[PDB]
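Throughout, read-outs are computed from the coordinates displayed, never taken from laboratory work. Cβ sites come from the backbone with ideal geometry, for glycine too, and all protein chains shown count toward neighbours.
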Amino acid sequence: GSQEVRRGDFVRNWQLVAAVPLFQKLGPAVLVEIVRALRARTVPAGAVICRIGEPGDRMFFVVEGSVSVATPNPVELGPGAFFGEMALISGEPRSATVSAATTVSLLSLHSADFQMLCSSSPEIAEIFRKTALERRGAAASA
Ligand SMILES: Nc1ncnc2c1ncn2[C@@H]1O[C@@H]2COP(=O)(O)O[C@H]2[C@H]1O
């Protein structure tokens, strides 16, 4: 364990998780366990966060900044948004390539932590499937 002046990273993650209500649906011991499982990591512009084809084994949540999807008809993502749950939702490969348009701070969640947190809250699992369906399709498939 490096850098331990006064759990500054853990404190920042607390406030970071506070920016996400999805994590608020988790109990106290769950949210605390999810916080100790999740880590805040910033991706520099041009840094690929997700690559189509690659298997998703972690989640991503934008805290500050915007992101751009790698495709012919991508979209602009902002803070308070989550992505890369479709894989952790089912296991399918990156539905599309994700690339941070600029330096944005996001949090990382373990696949095991995702299934454990989803097990804690059945609503969070439904919210994920809703986004997975929307992200996966919900327009074409239909
Ligand atoms: N149209 C879209 N808008 C926002 N996010 C998307 C869109 N399409 C795909 N994604 C995200 O790209 C991610 C690729 O990894 P996942 O499939 O696990 O989860 C996918 C979605 O969260």
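If only residues of region 100-130 that are surrounded by 18 or more Cβ atoms within 10 Å (Cβ to Cβ) and within 13 Å of the ligand (Cβ to nearest atom) are counted, the one that is nearest to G46 (Cα to Cα) is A100. Only residues that are assigned to a helix (DSSP H, G or I) and near the ligand (Cβ under 6 Å from one of its atoms): list them for region 64-99, please. If the condition is that a residue be assigned to a helix (DSSP H, G or I) and near the ligand (Cβ under 6 Å from one of its atoms), then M86, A87 are the ones that fit. Look through region 50-63, keep the residues that are more than 9 Å from the ligand (Cβ to nearest atom) and of a type in the set (V, I, T), and return whichever of them is surrounded by the fewest Cβ atoms within 10 Å (Cβ to Cβ). Looking at the filtered set, the residue picked out is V63.
Residues that are among the small types (G, A, S) and either in contact (Cβ under 8 Å) with a residue 40 or more places away in the chain or surrounded by 13 or more Cβ atoms within 10 Å (Cβ to Cβ) (or both) within region 64-87 comprise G65, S66, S68, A70, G80, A81, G84, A87, listed in sequence order.
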